[PDB]
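Now for the letters of each chain:
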Amino acid sequence: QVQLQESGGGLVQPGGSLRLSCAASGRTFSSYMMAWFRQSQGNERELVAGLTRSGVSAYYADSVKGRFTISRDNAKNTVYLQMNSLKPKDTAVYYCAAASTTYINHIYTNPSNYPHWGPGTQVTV
Amino acid sequence: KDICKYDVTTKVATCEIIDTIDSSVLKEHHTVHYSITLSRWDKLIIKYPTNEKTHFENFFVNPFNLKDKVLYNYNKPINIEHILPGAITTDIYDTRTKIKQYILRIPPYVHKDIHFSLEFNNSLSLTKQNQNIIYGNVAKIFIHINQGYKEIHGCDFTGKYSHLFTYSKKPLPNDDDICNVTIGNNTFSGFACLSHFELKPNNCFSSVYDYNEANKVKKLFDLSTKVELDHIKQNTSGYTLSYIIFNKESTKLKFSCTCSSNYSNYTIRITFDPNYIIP
Ligand SMILES: *[C@@H]1O[C@H](CO)[C@@H](O[C@@H]2O[C@H](CO)[C@@H](O[C@@H]3O[C@H](CO)[C@@H](O)[C@H](O)[C@@H]3O)[C@H](O)[C@H]2NC(C)=O)[C@H](O)[C@H]1NC(C)=O
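Structure determination for this entry is recorded as X-ray crystallography, at 3.22 Å resolution.

Going by the annotation in the PDB entry, the name recorded for chain B is Gametocyte surface protein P230, with Plasmodium falciparum 3D7 given as the source organism.

For chain A, the PDB entry supplies the name Nanobody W2812 and the organism Vicugna pacos.

Draft legend 1. Structural view of the interface of chain B and chain A. Listed per partner, the contact involves 14 residues of chain B and 17 residues of chain A. No other element matches the four residues that strand β12 (residues 132–135) of chain B contributes to the side of chain B that touches chain A. Among the residues forming the side of chain B that touches chain A, the class breakdown is five nonpolar, six polar and three charged. Here strand β9 (residues 106–108) of chain A pairs with β12(B) via three bridges, running antiparallel. For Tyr108(A), the partnering residue across the bridge sits in β12(B) and is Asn132(B).

Draft legend 2. Examining the sheet that holds strand β7 (residues 78–84) of chain A more closely. All names here are of chain A. The four strands are arranged β1-β2-β7-β6 in an open sheet whose pairing can be described as antiparallel. The open sheet is flanked by β1 (3–7) and β6 (68–73), the only strands paired with a single partner. Between one strand axis and the next, the sheet turns by 20° as a mean value, whatever way the strands run. For strand β2 (residues 17–25) and β7, the ladder comprises seven bridges, and the chain directions are antiparallel. What sits directly across from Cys22, in β7, is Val79.

Draft legend 3. Highlighting the UniProt feature "disulfide bond" in chain B. Residues and elements named next belong to chain B. Judged by the under 2.5 Å criterion, the sulfur atoms of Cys155 and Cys179, which UniProt pairs in a disulfide, are close enough at 2.0 Å to be bonded in these coordinates. Here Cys155, found in strand β14 (residues 152–156), pairs with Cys179, found in strand β16 (residues 178–183); they are 24 residues apart in sequence, far enough to count as distant. In textbook terms, a disulfide joins two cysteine sulfur atoms at less than 2.5 Å, and UniProt's bridge between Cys204 and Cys257 fits this description with an S to S distance of 2.0 Å. Here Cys257 lies in strand β23 (residues 253–260) and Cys204 lies in the loop between β18 (198–200) and β19 (209–210), a separation of 53 residues in the sequence.

The rules behind these values
- Residues numbered from 1 in each chain as written, not as in the entry; some residues may be left out.
- Chains lettered and ligands numbered in written order.
- Heavy atoms only, no water.
- Residues with missing side-chain atoms left out of burial classes, pairs and counts.
- Contact = heavy atoms within 4.5 Å.
- Helix = DSSP H or I, 4+ residues; strand = E, 2+ residues; numbered from the N terminus.
- Nonpolar A, V, L, I, M, F, W, Y, C, P; charged D, E, K, R; others polar.
- Pairing = 2+ DSSP bridges.
- Axes fitted to C-alpha atoms, helices over the stretch in contact; angles between N-to-C directions.
- Disulfide = S-S within 2.5 Å.
- UniProt positions renumbered as here; feature names shortened; annotations may be inferred.

This is the structure in structure tokens:
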């Protein structure tokens, strides 16, 4: 029902900033849990940022902790991932995953638990 | 009434907001609301967690200063003394259980109806179970207070609590006024002075001057036990206040208290006669 779309990712010099936006269609974001996923070349998908349906409980992986920040413009139906102080490890195809749950205070860890996914955007630094 | 219970015998309103905001269980509602209506002299005791208690690491409270401020009209933070003049708030913390207690004593008289809330935010706390990162929620308590029935038969020298006490006078530069009141059984009385004044004996009503025993410093417990009292040393407005009421006490009692400063002094004199009746 919900379709995701990433946008706003490219090449940057180490120490810069980017704002990756993810738009959904079909249903409102409030009814879904959201997460940003990493995937470097020839590596598994890791989780960087997560967001429960409450919109107030945000999780940040220890790698991007202290530098990334997730947000939800419910009017525009978009999730923004602000990524500051970009480091060489951040080079990956950032994906936007969304799951459907009837609980507002939890977020899944493994990418398999996420039914809906979006076409990732590459972020090289 | 799932977490907030009002016992009529003790007139106590106990609310427990710990397991409701625990971050270890999947929760369907992020805001849990519980409403309570209170009258004069009622006591509200909310038992909430701390940062040290597990599953409540990033717990905090709104307003962050519970003792002084509340959320008036469930909107903007305001000093509780402003909307409920003469109220008393205390904060307790048991390090053995990592649990704090917010204790609110409603004054014996409420001149105007009041509605205010208190928020307990545990959304920032989290736990990790299976392939899930569960989070906590926030719980809001909406308290309403009715009109307070009768002005306390006490003394006020600050001049600000005129609607609360029977006697009120604006403080003067040099004055030796003495307030005398006749109280009966199950009747309220009290006093109000400026905080920087000296209370005599300290923490009055608890240790009143035994006028019978020639104004002796003694705990009121020795004189009588069928009494209920409370006292605040300094409110946000900077005034010391105390209240007292006798409950099924058969003995006639006469005791006193004094607020003194380098410029003026004020004295409270109360006569407890169980057979006494108001005119
Ligand atoms: C405490 O609970 C509230 C309500 O359940 C959660 O919502 C947060 O409420 C605060 C109130 O200060 C919002 O902060 C404000 O946000 C905007 C930007 O959205 C900004 O203009 C203001 O300067 C102010 O910071 C906050 O955004 C809102 N949402 C989030 C995601 O925090 C709140 O999350 C709970 N508090 C915490 C720290 O978890």
